[PDB]
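Next up, data11.cif (mmCIF, N, CA and C atoms):
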```cif
data_query
#
loop_
_atom_site.label_atom_id
_atom_site.label_comp_id
_atom_site.auth_asym_id
_atom_site.auth_seq_id
_atom_site.Cartn_x
_atom_site.Cartn_y
_atom_site.Cartn_z
N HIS A 1 -2.55 -9.67 9.27
CA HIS A 1 -3.93 -9.11 9.27
C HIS A 1 -3.91 -7.69 8.71
N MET A 2 -4.96 -7.34 7.95
CA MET A 2 -5.27 -5.95 7.59
C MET A 2 -5.40 -5.06 8.85
N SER A 3 -6.02 -5.61 9.87
CA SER A 3 -6.26 -4.83 11.05
C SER A 3 -5.00 -4.49 11.87
N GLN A 4 -4.02 -5.42 11.94
CA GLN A 4 -2.75 -5.11 12.56
C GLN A 4 -1.96 -4.11 11.74
N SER A 5 -1.99 -4.23 10.42
CA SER A 5 -1.22 -3.31 9.67
C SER A 5 -1.85 -1.88 9.70
N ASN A 6 -3.18 -1.78 9.81
CA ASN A 6 -3.85 -0.49 10.00
C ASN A 6 -3.41 0.19 11.32
N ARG A 7 -3.34 -0.61 12.40
CA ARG A 7 -2.80 -0.19 13.68
C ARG A 7 -1.37 0.39 13.55
N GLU A 8 -0.56 -0.29 12.76
CA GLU A 8 0.80 0.17 12.46
C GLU A 8 0.89 1.46 11.68
N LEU A 9 0.02 1.65 10.69
CA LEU A 9 -0.06 2.93 9.98
C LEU A 9 -0.39 4.04 10.92
N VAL A 10 -1.36 3.81 11.83
CA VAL A 10 -1.77 4.83 12.83
C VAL A 10 -0.56 5.20 13.72
N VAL A 11 0.06 4.20 14.36
CA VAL A 11 1.20 4.47 15.23
C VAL A 11 2.36 5.14 14.45
N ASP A 12 2.66 4.71 13.23
CA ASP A 12 3.70 5.37 12.48
C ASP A 12 3.37 6.85 12.24
N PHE A 13 2.14 7.12 11.79
CA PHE A 13 1.77 8.51 11.42
C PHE A 13 1.80 9.41 12.64
N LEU A 14 1.22 8.94 13.75
CA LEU A 14 1.24 9.66 15.03
C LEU A 14 2.68 9.92 15.53
N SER A 15 3.52 8.88 15.55
CA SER A 15 4.96 9.02 15.96
C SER A 15 5.69 10.04 15.11
N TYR A 16 5.46 9.97 13.80
CA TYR A 16 6.08 10.86 12.84
C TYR A 16 5.62 12.30 13.12
N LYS A 17 4.31 12.48 13.29
CA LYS A 17 3.77 13.82 13.56
C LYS A 17 4.29 14.40 14.91
N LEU A 18 4.24 13.60 16.00
CA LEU A 18 4.79 14.03 17.31
C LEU A 18 6.29 14.34 17.23
N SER A 19 7.07 13.51 16.54
CA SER A 19 8.51 13.82 16.40
C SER A 19 8.71 15.14 15.68
N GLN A 20 8.09 15.22 14.51
CA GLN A 20 8.14 16.42 13.65
C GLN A 20 7.87 17.72 14.39
N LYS A 21 6.84 17.69 15.25
CA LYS A 21 6.34 18.87 15.96
C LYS A 21 7.05 19.16 17.30
N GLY A 22 8.06 18.35 17.67
CA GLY A 22 8.82 18.69 18.85
C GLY A 22 8.33 17.95 20.09
N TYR A 23 7.50 16.90 19.95
CA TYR A 23 6.87 16.18 21.10
C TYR A 23 7.50 14.78 21.17
N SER A 24 7.26 14.12 22.29
CA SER A 24 7.64 12.72 22.50
C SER A 24 6.66 11.77 21.79
N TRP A 25 7.19 10.67 21.27
CA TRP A 25 6.40 9.55 20.74
C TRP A 25 6.52 8.31 21.68
N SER A 26 7.17 8.47 22.82
CA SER A 26 7.52 7.37 23.72
C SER A 26 6.34 6.49 24.20
N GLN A 27 5.10 6.93 24.09
CA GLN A 27 3.98 6.00 24.40
C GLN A 27 3.79 4.91 23.37
N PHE A 28 4.62 4.91 22.35
CA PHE A 28 4.50 3.91 21.29
C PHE A 28 5.71 2.93 21.24
N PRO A 83 3.73 -2.76 -0.19
CA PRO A 83 4.76 -2.60 0.88
C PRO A 83 4.39 -1.53 1.91
N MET A 84 4.29 -1.96 3.17
CA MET A 84 4.09 -1.06 4.31
C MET A 84 4.92 0.21 4.28
N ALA A 85 6.22 0.07 4.01
CA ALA A 85 7.10 1.22 4.04
C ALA A 85 6.62 2.31 3.07
N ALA A 86 6.13 1.91 1.90
CA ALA A 86 5.70 2.87 0.91
C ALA A 86 4.38 3.55 1.29
N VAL A 87 3.48 2.79 1.90
CA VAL A 87 2.18 3.33 2.38
C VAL A 87 2.48 4.36 3.49
N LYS A 88 3.29 3.97 4.49
CA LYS A 88 3.66 4.86 5.60
C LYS A 88 4.27 6.16 5.07
N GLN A 89 5.22 6.02 4.15
CA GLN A 89 5.86 7.17 3.59
C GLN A 89 4.86 8.05 2.84
N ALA A 90 4.02 7.44 1.99
CA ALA A 90 2.97 8.18 1.26
C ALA A 90 2.02 8.97 2.20
N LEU A 91 1.63 8.33 3.27
CA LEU A 91 0.71 8.90 4.25
C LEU A 91 1.34 10.03 5.07
N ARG A 92 2.60 9.88 5.49
CA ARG A 92 3.31 11.00 6.16
C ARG A 92 3.37 12.22 5.27
N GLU A 93 3.81 12.02 4.03
CA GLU A 93 3.90 13.10 3.06
C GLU A 93 2.52 13.73 2.73
N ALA A 94 1.50 12.89 2.52
CA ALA A 94 0.14 13.34 2.23
C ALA A 94 -0.33 14.20 3.41
N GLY A 95 -0.06 13.80 4.68
CA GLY A 95 -0.51 14.60 5.83
C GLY A 95 0.24 15.93 5.87
N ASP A 96 1.55 15.94 5.57
CA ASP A 96 2.31 17.22 5.52
C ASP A 96 1.69 18.17 4.47
N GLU A 97 1.42 17.64 3.27
CA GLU A 97 0.94 18.43 2.14
C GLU A 97 -0.40 19.07 2.51
N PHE A 98 -1.26 18.31 3.17
CA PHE A 98 -2.64 18.73 3.49
C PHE A 98 -2.55 19.79 4.55
N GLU A 99 -1.69 19.57 5.53
CA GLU A 99 -1.55 20.54 6.62
C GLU A 99 -0.92 21.87 6.08
N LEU A 100 0.07 21.80 5.20
CA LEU A 100 0.66 23.04 4.69
C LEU A 100 -0.33 23.82 3.85
N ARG A 101 -1.11 23.09 3.05
CA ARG A 101 -2.01 23.71 2.06
C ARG A 101 -3.28 24.16 2.73
N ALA A 102 -3.99 23.23 3.37
CA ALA A 102 -5.30 23.58 3.91
C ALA A 102 -5.23 24.26 5.28
N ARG A 103 -4.13 24.08 6.04
CA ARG A 103 -3.95 24.70 7.39
C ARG A 103 -5.22 24.60 8.26
N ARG A 104 -5.86 23.44 8.23
CA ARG A 104 -7.06 23.23 9.01
C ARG A 104 -6.70 23.08 10.44
N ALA A 105 -7.33 23.88 11.28
CA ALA A 105 -7.18 23.62 12.72
C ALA A 105 -8.19 22.57 13.20
N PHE A 106 -9.19 22.21 12.34
CA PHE A 106 -10.37 21.35 12.70
C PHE A 106 -11.02 21.90 13.99
N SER A 107 -11.11 23.23 14.09
CA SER A 107 -11.41 23.89 15.34
C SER A 107 -12.84 23.56 15.77
N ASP A 108 -13.70 23.33 14.76
CA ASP A 108 -15.05 22.85 15.01
C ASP A 108 -15.14 21.50 15.70
N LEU A 109 -14.42 20.54 15.12
CA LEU A 109 -14.33 19.20 15.61
C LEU A 109 -13.69 19.16 17.00
N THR A 110 -12.55 19.84 17.17
CA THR A 110 -11.88 19.81 18.47
C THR A 110 -12.74 20.42 19.59
N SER A 111 -13.49 21.48 19.28
CA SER A 111 -14.31 22.12 20.33
C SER A 111 -15.51 21.27 20.61
N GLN A 112 -16.04 20.60 19.59
CA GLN A 112 -17.10 19.58 19.87
C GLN A 112 -16.66 18.43 20.77
N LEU A 113 -15.44 17.94 20.55
CA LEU A 113 -14.97 16.77 21.28
C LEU A 113 -14.45 17.19 22.66
N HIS A 114 -13.85 18.39 22.73
CA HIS A 114 -13.18 18.95 23.91
C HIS A 114 -12.60 17.82 24.75
N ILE A 115 -11.67 17.10 24.14
CA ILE A 115 -11.19 15.84 24.70
C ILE A 115 -10.60 15.95 26.12
N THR A 116 -10.93 14.99 26.98
CA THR A 116 -10.39 14.93 28.31
C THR A 116 -10.18 13.45 28.58
N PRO A 117 -9.48 13.10 29.66
CA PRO A 117 -9.36 11.67 29.99
C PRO A 117 -10.70 10.97 30.31
N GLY A 118 -11.79 11.72 30.41
CA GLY A 118 -13.08 11.08 30.57
C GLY A 118 -13.85 10.82 29.27
N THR A 119 -13.35 11.31 28.13
CA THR A 119 -13.99 11.14 26.81
C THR A 119 -14.03 9.67 26.39
N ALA A 120 -15.18 9.21 25.91
CA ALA A 120 -15.35 7.80 25.46
C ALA A 120 -15.17 7.69 23.93
N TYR A 121 -14.81 6.50 23.47
CA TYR A 121 -14.67 6.25 22.04
C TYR A 121 -15.88 6.76 21.25
N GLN A 122 -17.09 6.57 21.77
CA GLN A 122 -18.29 6.86 21.01
C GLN A 122 -18.37 8.35 20.71
N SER A 123 -17.86 9.19 21.62
CA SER A 123 -17.81 10.65 21.31
C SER A 123 -16.79 10.97 20.20
N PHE A 124 -15.61 10.34 20.26
CA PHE A 124 -14.57 10.47 19.18
C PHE A 124 -15.22 10.05 17.81
N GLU A 125 -15.90 8.91 17.80
CA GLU A 125 -16.52 8.36 16.63
C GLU A 125 -17.53 9.31 16.05
N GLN A 126 -18.37 9.83 16.90
CA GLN A 126 -19.39 10.75 16.41
C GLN A 126 -18.80 12.01 15.74
N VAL A 127 -17.77 12.59 16.38
CA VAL A 127 -17.10 13.77 15.80
C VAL A 127 -16.37 13.46 14.48
N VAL A 128 -15.62 12.34 14.46
CA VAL A 128 -14.87 11.92 13.23
C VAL A 128 -15.83 11.68 12.06
N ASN A 129 -17.02 11.11 12.37
CA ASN A 129 -18.06 10.88 11.34
C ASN A 129 -18.32 12.11 10.53
N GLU A 130 -18.11 13.28 11.11
CA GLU A 130 -18.39 14.54 10.41
C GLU A 130 -17.46 14.77 9.23
N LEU A 131 -16.25 14.20 9.28
CA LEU A 131 -15.33 14.24 8.14
C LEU A 131 -15.87 13.36 7.00
N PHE A 132 -16.70 12.37 7.36
CA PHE A 132 -17.21 11.37 6.42
C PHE A 132 -18.69 11.48 6.15
N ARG A 133 -19.22 12.67 6.30
CA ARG A 133 -20.68 12.81 6.08
C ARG A 133 -21.14 12.67 4.61
N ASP A 134 -20.21 12.79 3.66
CA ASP A 134 -20.48 12.47 2.28
C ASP A 134 -19.78 11.17 1.90
N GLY A 135 -19.48 10.32 2.87
CA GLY A 135 -18.74 9.05 2.65
C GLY A 135 -17.19 9.15 2.60
N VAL A 136 -16.52 8.05 2.38
CA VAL A 136 -15.07 8.03 2.42
C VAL A 136 -14.47 8.44 1.06
N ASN A 137 -13.36 9.18 1.08
CA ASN A 137 -12.43 9.13 -0.07
C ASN A 137 -11.01 9.28 0.47
N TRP A 138 -9.97 9.28 -0.38
CA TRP A 138 -8.58 9.30 0.09
C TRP A 138 -8.24 10.58 0.82
N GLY A 139 -8.71 11.70 0.31
CA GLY A 139 -8.48 13.04 0.95
C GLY A 139 -9.07 13.10 2.36
N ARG A 140 -10.25 12.52 2.54
CA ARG A 140 -10.87 12.49 3.86
C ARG A 140 -10.14 11.57 4.83
N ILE A 141 -9.63 10.42 4.37
CA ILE A 141 -8.73 9.58 5.12
C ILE A 141 -7.47 10.36 5.56
N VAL A 142 -6.80 11.04 4.62
CA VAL A 142 -5.65 11.87 5.01
C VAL A 142 -6.06 12.88 6.14
N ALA A 143 -7.23 13.50 5.98
CA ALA A 143 -7.73 14.50 6.96
C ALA A 143 -7.93 13.83 8.31
N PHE A 144 -8.42 12.59 8.28
CA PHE A 144 -8.65 11.79 9.54
C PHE A 144 -7.33 11.52 10.26
N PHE A 145 -6.27 11.14 9.52
CA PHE A 145 -4.95 10.95 10.16
C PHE A 145 -4.43 12.29 10.70
N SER A 146 -4.56 13.36 9.91
CA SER A 146 -4.01 14.64 10.33
C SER A 146 -4.80 15.14 11.58
N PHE A 147 -6.13 14.97 11.58
CA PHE A 147 -6.94 15.31 12.73
C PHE A 147 -6.51 14.52 14.03
N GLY A 148 -6.24 13.23 13.89
CA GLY A 148 -5.79 12.45 15.04
C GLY A 148 -4.43 12.96 15.48
N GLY A 149 -3.56 13.34 14.55
CA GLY A 149 -2.27 13.88 14.98
C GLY A 149 -2.43 15.23 15.70
N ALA A 150 -3.36 16.06 15.20
CA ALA A 150 -3.71 17.32 15.87
C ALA A 150 -4.28 17.08 17.31
N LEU A 151 -5.14 16.07 17.47
CA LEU A 151 -5.68 15.75 18.77
C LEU A 151 -4.59 15.29 19.71
N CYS A 152 -3.58 14.51 19.26
CA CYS A 152 -2.45 14.09 20.13
C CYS A 152 -1.64 15.32 20.62
N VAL A 153 -1.31 16.21 19.68
CA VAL A 153 -0.57 17.43 19.98
C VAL A 153 -1.37 18.29 20.96
N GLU A 154 -2.66 18.49 20.68
CA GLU A 154 -3.51 19.24 21.62
C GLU A 154 -3.59 18.57 23.02
N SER A 155 -3.74 17.24 23.08
CA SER A 155 -3.75 16.52 24.33
C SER A 155 -2.48 16.79 25.17
N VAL A 156 -1.30 16.79 24.54
CA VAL A 156 -0.06 17.03 25.29
C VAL A 156 -0.10 18.49 25.76
N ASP A 157 -0.53 19.39 24.87
CA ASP A 157 -0.62 20.83 25.21
C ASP A 157 -1.62 21.15 26.32
N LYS A 158 -2.60 20.28 26.52
CA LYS A 158 -3.59 20.46 27.58
C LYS A 158 -3.13 19.69 28.83
N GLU A 159 -1.87 19.21 28.84
CA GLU A 159 -1.34 18.37 29.92
C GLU A 159 -2.25 17.15 30.16
N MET A 160 -2.62 16.51 29.06
CA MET A 160 -3.40 15.30 29.10
C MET A 160 -2.68 14.25 28.26
N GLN A 161 -1.40 14.05 28.57
CA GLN A 161 -0.54 13.21 27.76
C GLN A 161 -0.99 11.73 27.70
N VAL A 162 -1.75 11.29 28.71
CA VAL A 162 -2.34 9.95 28.79
C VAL A 162 -3.21 9.63 27.57
N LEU A 163 -3.79 10.67 26.98
CA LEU A 163 -4.68 10.54 25.86
C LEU A 163 -4.00 10.12 24.53
N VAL A 164 -2.69 10.29 24.39
CA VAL A 164 -2.04 10.01 23.11
C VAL A 164 -2.23 8.53 22.64
N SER A 165 -1.92 7.64 23.57
CA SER A 165 -2.08 6.21 23.45
C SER A 165 -3.53 5.80 23.14
N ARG A 166 -4.44 6.42 23.85
CA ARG A 166 -5.84 6.19 23.68
C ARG A 166 -6.34 6.67 22.30
N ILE A 167 -5.87 7.85 21.83
CA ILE A 167 -6.28 8.36 20.49
C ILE A 167 -5.75 7.35 19.44
N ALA A 168 -4.52 6.85 19.62
CA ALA A 168 -4.02 5.80 18.72
C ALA A 168 -5.00 4.59 18.67
N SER A 169 -5.49 4.09 19.80
CA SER A 169 -6.39 2.90 19.74
C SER A 169 -7.66 3.28 19.08
N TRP A 170 -8.19 4.42 19.46
CA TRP A 170 -9.43 4.90 18.84
C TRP A 170 -9.30 5.06 17.33
N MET A 171 -8.23 5.68 16.85
CA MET A 171 -8.01 5.79 15.40
C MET A 171 -7.96 4.41 14.73
N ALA A 172 -7.21 3.46 15.31
CA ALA A 172 -7.13 2.14 14.72
C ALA A 172 -8.50 1.48 14.71
N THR A 173 -9.26 1.59 15.81
CA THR A 173 -10.62 1.05 15.82
C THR A 173 -11.48 1.67 14.72
N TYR A 174 -11.47 3.01 14.63
CA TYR A 174 -12.33 3.69 13.64
C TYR A 174 -11.89 3.32 12.21
N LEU A 175 -10.59 3.30 11.96
CA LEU A 175 -10.12 2.99 10.62
C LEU A 175 -10.55 1.55 10.21
N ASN A 176 -10.30 0.59 11.11
CA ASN A 176 -10.62 -0.82 10.84
C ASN A 176 -12.11 -1.04 10.68
N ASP A 177 -12.90 -0.33 11.46
CA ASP A 177 -14.32 -0.46 11.36
C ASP A 177 -14.99 0.26 10.20
N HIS A 178 -14.76 1.57 10.14
CA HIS A 178 -15.51 2.41 9.21
C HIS A 178 -14.81 2.70 7.91
N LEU A 179 -13.49 2.66 7.90
CA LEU A 179 -12.79 3.16 6.68
C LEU A 179 -12.26 2.00 5.85
N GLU A 180 -11.78 0.94 6.50
CA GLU A 180 -11.24 -0.22 5.75
C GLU A 180 -12.23 -0.82 4.65
N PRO A 181 -13.56 -0.85 4.93
CA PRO A 181 -14.50 -1.37 3.92
C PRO A 181 -14.37 -0.61 2.60
N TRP A 182 -14.31 0.74 2.66
CA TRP A 182 -14.15 1.53 1.47
C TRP A 182 -12.73 1.34 0.87
N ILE A 183 -11.70 1.37 1.72
CA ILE A 183 -10.30 1.20 1.27
C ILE A 183 -10.15 -0.10 0.46
N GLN A 184 -10.67 -1.19 1.02
CA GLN A 184 -10.64 -2.49 0.31
C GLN A 184 -11.40 -2.52 -0.99
N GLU A 185 -12.60 -1.92 -0.98
CA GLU A 185 -13.40 -1.87 -2.17
C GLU A 185 -12.69 -1.08 -3.31
N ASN A 186 -11.80 -0.15 -2.93
CA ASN A 186 -11.19 0.75 -3.88
C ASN A 186 -9.72 0.45 -4.14
N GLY A 187 -9.33 -0.81 -3.91
CA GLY A 187 -8.05 -1.32 -4.36
C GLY A 187 -7.05 -1.43 -3.24
N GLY A 188 -7.48 -1.12 -2.01
CA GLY A 188 -6.59 -1.23 -0.86
C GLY A 188 -5.55 -0.12 -0.80
N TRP A 189 -4.63 -0.21 0.17
CA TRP A 189 -3.58 0.81 0.29
C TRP A 189 -2.65 0.98 -0.95
N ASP A 190 -2.52 -0.04 -1.78
CA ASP A 190 -1.76 0.14 -3.07
C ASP A 190 -2.30 1.28 -3.90
N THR A 191 -3.62 1.42 -3.94
CA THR A 191 -4.23 2.49 -4.69
C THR A 191 -3.82 3.83 -4.07
N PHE A 192 -3.73 3.88 -2.74
CA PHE A 192 -3.33 5.13 -2.09
C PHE A 192 -1.93 5.46 -2.58
N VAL A 193 -1.02 4.47 -2.63
CA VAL A 193 0.33 4.75 -3.20
C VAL A 193 0.29 5.18 -4.71
N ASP A 194 -0.54 4.53 -5.51
CA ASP A 194 -0.69 4.93 -6.92
C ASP A 194 -1.07 6.38 -7.06
N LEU A 195 -1.87 6.90 -6.14
CA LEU A 195 -2.34 8.28 -6.26
C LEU A 195 -1.40 9.31 -5.65
N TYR A 196 -0.71 8.93 -4.58
CA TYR A 196 -0.01 9.87 -3.73
C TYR A 196 1.51 9.76 -3.90
N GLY A 197 1.94 8.81 -4.74
CA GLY A 197 3.37 8.68 -5.02
C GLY A 197 3.95 7.87 -3.87
#
```

Could you render the structure as structure tokens?
Amino acid sequence: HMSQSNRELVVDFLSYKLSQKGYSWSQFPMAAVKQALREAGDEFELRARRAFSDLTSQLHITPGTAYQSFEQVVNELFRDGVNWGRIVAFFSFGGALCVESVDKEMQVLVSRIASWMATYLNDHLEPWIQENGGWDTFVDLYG
């Protein structure tokens, strides 16, 4: 399924980001997409250094936060619709939310942000991804 493999991209990117940053990932061709996406998230974070401080303060995530609040905040990245750069920003933002969750001693949220990201990607982003050549196109652009 497209939807299972999207779930796998999310868990890979999150695990990679948590490992990279000194955190545990223990609550958790494909290989080329995963590799492209890890690298694309590194490049974006080094260059743009976005804290997404607007989005994070709007969501102010806690174990009581519902998917619909996550969805509403993420939509702000897509207010002019989807493109590849905004998808990269969405993965990097979810990795930032996992890191912030552990830092707020809300480690329970990591697993939940992973499900929420997979839900949002499969629902809102996959239609555009498929229309635009699927994840192969992401590899064509990002190496």

As a short mmCIF file (atom, residue, chain, number, x, y, z; two decimals) with N, CA and C atoms, keeping the file's coordinate frame, please: the residues near residue 11 in chain A (cut-off 8 Å, only C-alpha atoms, same-chain neighbours under 3 positions excluded).
```
data_model
loop_
_atom_site.label_atom_id
_atom_site.label_comp_id
_atom_site.auth_asym_id
_atom_site.auth_seq_id
_atom_site.Cartn_x
_atom_site.Cartn_y
_atom_site.Cartn_z
N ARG A 7 -3.34 -0.61 12.40
CA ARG A 7 -2.80 -0.19 13.68
C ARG A 7 -1.37 0.39 13.55
N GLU A 8 -0.56 -0.29 12.76
CA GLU A 8 0.80 0.17 12.46
C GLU A 8 0.89 1.46 11.68
N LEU A 14 1.22 8.94 13.75
CA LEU A 14 1.24 9.66 15.03
C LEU A 14 2.68 9.92 15.53
N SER A 15 3.52 8.88 15.55
CA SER A 15 4.96 9.02 15.96
C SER A 15 5.69 10.04 15.11
N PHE A 28 4.62 4.91 22.35
CA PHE A 28 4.50 3.91 21.29
C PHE A 28 5.71 2.93 21.24
N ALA A 168 -4.52 6.85 19.62
CA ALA A 168 -4.02 5.80 18.72
C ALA A 168 -5.00 4.59 18.67
#
```

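The shell of residues at most 12 Å from residue 122 in chain A, with only C-alpha atoms counted and near chain neighbours (fewer than 3 positions) removed, consists of residues 113, 118, 119, 125, 126, 127, 128, 129, 170, 171, 173 and 174 of chain A.
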
Please determine an axis-aligned box that encloses all atoms of range 5-22 of chain A listed in the file, with 3 Å added on each side, and express its centre and edge lengths in Å to one decimal as lines of an AutoDock Vina configuration file.
```
center_x = 2.5
center_y = 7.5
center_z = 14.9
size_x = 18.7
size_y = 29.4
size_z = 16.4
```

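Atom pair CA of residue 175 in chain A / CA of residue 101 in chain A: separated by 23.8 Å.
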
> Neighbours of residue 138 in chain A within 8 Å (all atoms listed in the file; same-chain residues fewer than 5 positions away dropped), as JSON, numbers by chain?
Replying inline: {"A": [143, 144, 192]}

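The smallest atom-to-atom distance between residue 117 in chain A and any of A:163, A:133, A:19, A:26, using all atoms listed in the file, is found for A:163.
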
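Note that atom N of residue 27 in chain A and atom C of residue 109 in chain A are 23.5 Å apart.
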
> Distance CA of residue 134 in chain A-atom N of residue 180 in chain A, one decimal place?
Replying inline: 15.0 Å

>> For this structure, which residues satisfy the selection - the PyMOL selection byres ((chain A and resi 197) around 7) - when it is evaluated on the file as given? I want them as number ranges by chain.
In response: A: 86, 89-90, 192-196

> Residues at most 8 Å from residue 16 in chain A, counting only N, CA and C atoms, excluding those fewer than 6 positions away in the same chain, as a list in words?
Replying inline: residues 10, 22, 25 and 92 of chain A

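Each of A:140, A:9, A:83, A:160 was checked against residue 189 in chain A using only N, CA and C atoms; the smallest atom-to-atom distance is that of A:83.
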
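Distances to residue 182 in chain A were evaluated for A:84, A:115, A:136, A:141 using all atoms listed in the file, and the minimum falls at A:136.
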